[PDB]
Amino acid sequence: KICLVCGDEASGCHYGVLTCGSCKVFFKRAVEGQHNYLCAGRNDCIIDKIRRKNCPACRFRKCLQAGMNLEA
Amino acid sequence: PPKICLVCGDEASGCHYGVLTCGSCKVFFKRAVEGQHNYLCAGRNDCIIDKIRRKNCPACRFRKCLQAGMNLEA
DNA sequence: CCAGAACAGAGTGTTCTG
DNA sequence: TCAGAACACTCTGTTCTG
Ligand SMILES: [Zn+2]
Ligand SMILES: [Zn+2]
Ligand SMILES: [Zn+2]
Ligand SMILES: [Zn+2]
């Protein structure tokens, strides 16, 4: 019931990992797209519902470390 | 040499709300003071604020504005 | 149930003005 | 001079569709 990325209420298993709908589309957009993501911190940034917009670099790292896969 | 924003280090357009700043930090500060927002640092509150990363942490950005002396009083 | 599309909002940064 | 209004943009998030 809890997104393994941001801790928000999960909508199901997306791309191999239990996640919220916001993290689902964020991950796909991050993989397929082109951005400039740069951590302003130490790359330990806290990712939760309120702060997940703060550091997409760390959020995307968490997605990957959680094992999210587009071909899953 | 161009003038430098004391908040994010971008090119400064002049002195805004008491401090030499870029236009983006000018309008960011006004909106932060007047508005209701959720600003919580995801870091240690030491976050780097520059032109590229200034959008990352409005909490640290606002802190820098205040520490630089920005105010609406004059 | 889930992927992707369609739709919509938050926050930002610029130009324009007196 | 600098403060304010307002538009357009990016990144984001929810509802809809197959
Ligand atoms: Zn999530
Ligand atoms: Zn980070
Ligand atoms: Zn600035
Ligand atoms: Zn911060």
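Note on naming: letters A, B, ... go to the chains in the order of the sequence lines (proteins, then strands), and numbering restarts at 1 for each one.
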May I ask you to verify if any side-chain N or O of A:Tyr15 is less than 4.0 angstrom from the OP1 or OP2 atom of C:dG4? yes
Tell me whether B:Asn56 contacts the main-chain N or O of A:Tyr37 through its side chain, where contact means a donor paired with an acceptor under 3.5 Å. no
With heavy-atom distances below 4.5 Å as the criterion, would you say the side chains of A:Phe27 and A:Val31 are in contact? yes
Any B:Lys30 side-chain nitrogen or oxygen under 4.0 Å from OP1 or OP2 of D:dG4: yes
In Watson-Crick or G-U wobble terms, with both distances under 3.5 Å, the base opposite D:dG18 is C:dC2
Between A:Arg51 (side chain only) and B:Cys41 (backbone N and O only), is there a donor and an acceptor less than 3.5 Å apart? yes
Sort out for me which groove A:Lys53 pokes its side chain into, counting contacts under 5.0 angstrom to paired-base groove atoms. minor
When rounded to whole Å, the CG to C1' distance for the pair B:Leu72 and D:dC2 reads 13 Å
Rounded distance (Å) that lies between atom P of C:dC2 and atom CE of A:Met68: 12 Å
Polar pair under 3.5 Å, donor/acceptor by atom type, side chain B:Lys26, base D:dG4: yes
Distance in angstrom units between A:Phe26 CZ and D:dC11 P, rounded: 11 Å
Would you say A:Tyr37 reaches D:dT10's phosphate, i.e. side-chain N/O to OP1/OP2 under 4.0 Å? no
What does B:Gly23 touch in the nucleic acid at a heavy-atom separation under 4.0 angstrom: a base, only the sugar-phosphate, or nothing? base
B:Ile52 has an atom CD1; how far is it from atom P of D:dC11, in whole Å? 14 Å
Side-chain N or O of B:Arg61 less than 4.0 angstrom from OP1 or OP2 on C:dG13? yes
Using a 4.0 Å heavy-atom cut-off across all strands, classify A:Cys13 as base, sugar-phosphate, or nothing. sugar-phosphate
Tell me which nucleotide, if any, is Watson-Crick or G-U wobble paired with C:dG9 when both distances must be under 3.5 Å. D:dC11
Just N and O in the side chain of A:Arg29: are any of them under 4.0 Å from OP1 or OP2 of C:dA5? no
Any chain of hydrophobic side-chain contacts (each under 4.5 Å) joining B:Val19 to B:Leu66? yes
Between B:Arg63 and B:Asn45, is there a donor-acceptor pair closer than 3.5 Å when you use the side chain of the first and the backbone of the second? yes
Ignoring backbone atoms, test whether A:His14 places a side-chain nitrogen or oxygen under 4.0 Å from the OP1 or OP2 oxygen of C:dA3. yes
Taking a hydrophobic cluster as the set of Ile, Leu, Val, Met, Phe, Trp and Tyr residues connected by side-chain heavy atoms closer than 4.5 Å, whether directly or through intermediates, do B:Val7 and B:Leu20 fall within one such cluster? no
Ring of D:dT10, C1'-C2'-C3'-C4' positive counted as north and negative as south, is tagged south
Rounded to whole Å, CD1 of A:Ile47 lies from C1' of D:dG13 at a distance of 16 Å
Between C1' of C:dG13 and CZ of B:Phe29, the distance in whole Å: 18 Å
Is a donor-acceptor contact shorter than 3.5 angstrom present between the side chain of A:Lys49 and the base of D:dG13? no
A:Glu71 has an atom CD; how far is it from atom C1' of C:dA3, in whole Å? 14 Å
Tell me: CG of B:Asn38 to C1' of C:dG9, nearest whole Å? 16 Å
